[PDB]
Amino acid sequence: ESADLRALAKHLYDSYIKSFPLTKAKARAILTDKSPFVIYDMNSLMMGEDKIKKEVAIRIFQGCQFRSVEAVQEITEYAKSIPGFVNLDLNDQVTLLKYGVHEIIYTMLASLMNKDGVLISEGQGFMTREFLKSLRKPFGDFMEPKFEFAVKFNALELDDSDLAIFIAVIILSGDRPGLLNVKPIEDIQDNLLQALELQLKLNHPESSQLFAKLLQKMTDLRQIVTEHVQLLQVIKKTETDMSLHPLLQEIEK
Ligand SMILES: Cc1oc(-c2ccccc2)nc1CCC(=O)c1ccc(/C=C2\SC(=O)NC2=O)cc1
């Protein structure tokens, strides 16, 4: 019944707010109290360290990786609040988070992008898209496909309460490799999909087939993840100098 789907939508929105400090509404408010420092080239980067809290590219990369680690923690905390998730087989829990985390990272990253750049450091900074594109060797191409996805994804005009259900749906795929019991993951996702359908039709009544258009975006996500994993393998052989966080590259298998 509809009353149960709304209750689940409201639960997930509430946990999303608690697990993710920098929401989309806050990011949209900043992008449009206190403006960010805009990093757009070699010198402002170093003024921004003065203002806001080793080659320049790999420096940016090392911080892009530490942010992802931070994001893994928040997604983990958010996953536990999804009704039925902690009751799954512990190995499936790990498997769902292993394969689910990058798709959510890049989904949430779009909340922080416009066509020009991306908010960094809890919104205190803003790094321009073309400065990022101007990095050397293989780094200039780490962020460009995310920008391309964000532009199309952000055109859907989702708000946080929408994204809470969508992130939850991503986590409970069951499509994932290595899963021991797919059926209880699917009953959960099934109910999440029911919740997302009512949510989008109630929130975006004039937005035709938004539900379906949203699920088709789950294809662009798998692709940028694929693209990114390969970009890391290049980094590893180019940069034997440069390490990687064990939370990330153990997920990165
Ligand atoms: C991969 C990822 O995921 C997310 C995210 C966001 C919200 C929710 C979930 C995930 N955001 C990013 C990218 C962040 C951005 O790329 C970035 C971050 C730190 C530095 C560190 C600096 S700042 C300076 O002046 N010098 C530096 O080296 C640079 C760039």
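For the single chain, residues carry numbers from 1 onward in sequence order. Read the numbers this way: they start at 1 and go in the same order the structure lists the ligands and their atoms.
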Tell me the protein heavy atom at minimum distance from atom 2 (C) of ligand 1, and give that distance in Å.
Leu109 CD2, 3.8 Å
Do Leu180 and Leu90 share a hydrophobic cluster (ILVMFWY, side-chain heavy atoms under 4.5 Å, transitive)?
no
Below 30° counts as parallel, above 60° as perpendicular, anything between as tilted: where do the rings of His228 and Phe142 land?
perpendicular
Do me a favour and list the nearest non-hydrogen protein atom to atom 26 (N) of ligand 1 with residue, atom name and distance?
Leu45 CD2, 4.1 Å
For atom 13 (C) of ligand 1, what's the nearest protein heavy-atom neighbour? Residue, atom name and distance, please.
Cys64 SG, 3.7 Å
Any chance NZ of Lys201 has more than 12 other-residue heavy atoms, nucleotides or ligands included, within less than 6.0 Å?
yes
Please verify whether a non-hydrogen atom of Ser68 lies at under 4.0 Å from ligand 1.
yes
Is it the case that more than 12 heavy atoms not belonging to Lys18 sit under 6.0 Å from its NZ atom?
no
Using side-chain hydrogen bond (donor to acceptor under 3.5 Å, both in side chains) as the criterion, list what pairs up with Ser81, not counting sequence neighbours.
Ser15
Sub-4.0 Å heavy-atom approach of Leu22 to ligand 1:
no
Atom 4 (C) of ligand 1: any protein heavy atom closer than 4.0 Å
yes
Test item: side-chain donor near acceptor, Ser68 and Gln65, under 3.5 Å
no
For the aromatic rings, using the six-membered ring if either is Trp, is the centroid distance between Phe126 and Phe37 under 6.0 Å?
no
What do we get for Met46 next to ligand 1 when only non-hydrogen atoms under 4.0 Å count, side chain, backbone, both or neither?
neither
Give the atoms of ligand 1, by number and element, whose distance to some non-hydrogen atom of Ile60 is under 4.0 Å.
28 (O), 29 (C)
Just which atoms of ligand 1 are under 4.0 Å from any heavy atom in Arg59?
28 (O)
Which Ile, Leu, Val, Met, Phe, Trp or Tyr residues join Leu198 in one cluster when any pair of side-chain heavy atoms under 4.5 Å counts as a link?
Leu5, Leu202
Closest protein heavy atom (residue, atom, distance) for atom 10 (C) of ligand 1
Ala71 CB, 3.7 Å
Answer with yes or no whether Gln65 contacts ligand 1, where contact means a heavy atom under 4.0 Å from a ligand atom.
no
For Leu112, the atoms of ligand 1 under 4.0 Å from one of its heavy atoms are 6 (C), 7 (C)
Ranked by distance from atom 21 (C) of ligand 1, the top protein heavy atom is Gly63 CA, 3.9 Å
Does a sphere of radius 6.0 Å around CG in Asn87 hold more than 12 heavy atoms from other residues, nucleotides or ligands, not counting ones at 6.0 Å or beyond?
yes
Nearest-neighbour protein heavy atom for atom 8 (C) of ligand 1, which is reported as residue plus atom name and distance:
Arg67 NH2, 3.2 Å
Quick one: are the ring centres of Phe131 and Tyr40 less than 6.0 Å apart?
no
Aromatic plane relationship, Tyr78 with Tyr16 - under 30° parallel, 30 to 60° tilted, over 60° perpendicular
perpendicular
Tell me whether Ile120 reaches ligand 1 (any heavy atom closer than 4.0 angstrom to a ligand atom).
yes
In ligand 1, which numbered atoms sit nearer than 4.0 Å to a non-hydrogen atom of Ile105?
3 (O)
At a non-hydrogen distance cut-off of under 4.0 Å, which region of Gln62 contacts ligand 1 (side chain, backbone, both, or neither)?
neither
